[PDB]
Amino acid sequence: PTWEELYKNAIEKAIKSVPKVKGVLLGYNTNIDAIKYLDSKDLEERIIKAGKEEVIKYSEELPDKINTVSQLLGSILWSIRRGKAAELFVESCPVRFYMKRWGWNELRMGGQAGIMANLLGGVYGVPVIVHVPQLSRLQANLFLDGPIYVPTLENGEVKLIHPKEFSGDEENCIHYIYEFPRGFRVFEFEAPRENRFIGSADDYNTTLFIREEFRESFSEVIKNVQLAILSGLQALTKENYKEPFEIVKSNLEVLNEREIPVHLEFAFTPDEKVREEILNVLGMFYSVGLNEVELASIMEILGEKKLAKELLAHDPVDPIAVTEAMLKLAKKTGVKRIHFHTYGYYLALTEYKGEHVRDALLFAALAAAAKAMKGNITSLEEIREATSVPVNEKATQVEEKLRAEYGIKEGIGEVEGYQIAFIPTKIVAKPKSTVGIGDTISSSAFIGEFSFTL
């Protein structure tokens, strides 16, 4: 059948199957996203005030973290020039102060765990248990109403309650999101693709703080979940990763023992040592999700300089280079499923076979389109409505390269024993913002694929 027909069948199947998932554990990063829609002249003026030469310097080479305003604006410009996503820790208090005064346009739920919780529980109706480092009033009320739960303790036993029911009022953890559209101008520079740069400005998610409830009472909490999605390790450094990693590994031991598939959402991990340590534990995960920037950063530490460069080229990055990169990652770690997403198409390399892998990708692509249009999804219907968004044209050539190289048919093929699944995506011409679309894509496909096996 045609791609349009495949999309249609996929959403109809998912609308029925997804709601059957009994429960999903989500951790560990949840925060408040302060989203700013960049303005050309405002940014140009600020770049000159900060020191333009330094700003340009950092737009050519991203720093490991942000300690100055020139580093912040230069990192934003880095993303603008390449039309690629990046995120760095704002270590400087003066810079965070500068960001607070600079402001934002809207406040939204942020973080892999937080965003996925609102989607799966708040929209899909799938019960979820989410880890929230700091449950401030603002944080709790950014959670949608529905089967979303956080663990608490009343007399030695776990009591699951909606975030809004939490009696405390902890700290507001803010991350600033700098969004820019395709064609955004800054002096002679022009954004080749709509994207954003993130300056994380809290001191809880950045150290991968994990609540007492998720420590040794974790077994009780996950008794009724069927899947788990973990993320947040991206902010750690060679100086503070040890302790958090041991907690995560303990959680993974419990999850693996109960045979609960776990998916890791990779994110921009600046510290090369931590990036390597994540790979060292990937074999404990059933699945992993990532974009072109993230896959490139992995190739970088694996010595694949060529693949890294190709994965950072203009959209759409070469699908063969991506597939070869995924093969290297799978062989190295033993992860069972790798879901790659980029602008124009998604790919999924799995050690097992099945059209349900491709169909789950199609479901996720529709969710991505809906999210791109409204900034936030309200219902499964909005996802179904996204079928009217045309499949992007450039994906035709991408599919052809894959067919010629691996012989994929209707998006499915095989390479070295693994199944390689491909789908051309539905790109929204004038998206509101880009932050969180990746999370929508990865979580929807992971839960969707699993739901298809029920």
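Throughout, we count residues from 1 along the sequence that is shown.
The PDB entry reports B-factors from which the mean C-alpha value can be compared for 264 to 272 and 335 to 343; the larger average falls on 264 to 272. As listed in the deposited structure, the average C-alpha B-factor of 66 to 74 and of 403 to 411 is greater for 403 to 411. Of the candidates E179, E304, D202, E351, the PDB record gives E304 the highest C-alpha temperature factor. Out of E292, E194, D359, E381, the entry records its largest CA B-factor for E381.
The entry lists a Cα temperature factor for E106 that places it in the middle third of the chain's modelled residues. When the modelled residues of the chain are ordered by their C-alpha B factor, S17 lands in the highest third. Looking at the C-alpha B-factors along this chain, the one for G114 belongs to the lowest third.
Looking at the C-alpha B-factors along this chain, the one for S442 belongs to the lowest third. Among the modelled residues of the chain, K57 sits in the middle third by CA temperature factor in this PDB entry.
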